[PDB]
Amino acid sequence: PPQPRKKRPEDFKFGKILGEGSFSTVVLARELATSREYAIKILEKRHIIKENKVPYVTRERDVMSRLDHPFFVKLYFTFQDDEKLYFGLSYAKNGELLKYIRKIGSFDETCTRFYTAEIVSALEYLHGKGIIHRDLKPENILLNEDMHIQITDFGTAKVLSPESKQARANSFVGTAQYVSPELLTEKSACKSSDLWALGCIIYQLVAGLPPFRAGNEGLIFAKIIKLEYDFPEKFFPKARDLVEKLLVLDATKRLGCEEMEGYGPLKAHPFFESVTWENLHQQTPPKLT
């Protein structure tokens, strides 16, 4: 059927800058005809063409248009003018998960469990659609007004082809602290690469820093490939067990991966015994302090 007319910049009142990326800016905007607030991500055509970023921008639009789940930032609309491309996104009022990790230092067990469960639920949805995120990290996990997660940053994501039963993707993308050993060694990622990142994030929620850390990327890569990390004292024992089952060098042996029979066994892990998986997005999140 028809859709709402394409929006234009003059349909909005723009407000504050919410953040700046290397080739994008996100601005808070109110749509004049509805009074709705959106986070509008704006890119300059000349700049993305000159810097060979067109594929990333197209990837982000294509992947986000496929998503329809409460734990992901929503793409409501797109438009362009002579100079710019615009994405109309849901506004995650409470910002990045990373901010809360730093402010609090270490999440308690109830908060670690709840936020971990939301991320697992999101990944189950994404993987079920054959999509690999490839850059999962706390900066890319936003929080809405109700303190539920909103995963974002899909320009480096990959839709695996169902037609060829594709399992592996060949683009070198991600963030050093969270990149999987298979990407470093075999130069390909798979859905299980996101489960490695999950393990790093759970560790970081409890420990305050991700497990493989160093002052530069090459040093981090060396630690990843050797599984060189340790747990701090008082790390919740069931969480430690879970992390140890995700931070596994062989991507086919990570809990939650297809070769380990999927999300059922992961959701059944003892760390999640008290979780009600069915309706997490309607549960009230535990207070962080």
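Quick note: we count residues from 1 along the sequence shown, nothing fancier.
On average the C-alpha atoms of 2-10 have higher B-factors than those of the other stretch, with 279-287 and 2-10 being the two compared. Relative to its counterpart among 121-129 and 170-178, 170-178 has the higher mean temperature factor, C-alpha atoms as listed in the PDB entry. Taking only the listed residues 113, 158, 103, 137, the entry reports the highest CA temperature factor at 103.
Note on 194, 146, 108, 96: the highest value goes to 146, judged by CA B factor as recorded.
When the modelled residues of the chain are ordered by C-alpha B-factor, residue 221 sits in the lowest third. Ranked by Cα temperature factor within the chain, residue 185 sits in the highest third according to the deposited record. Ranked by Cα temperature factor within the chain, residue 69 sits in the lowest third according to the deposited record.
Split the chain's modelled residues into thirds by C-alpha temperature factor. Residue 17 is in the middle one. Residue 39: CA B factor in the lowest third of modelled residues in this chain (values from the PDB entry).
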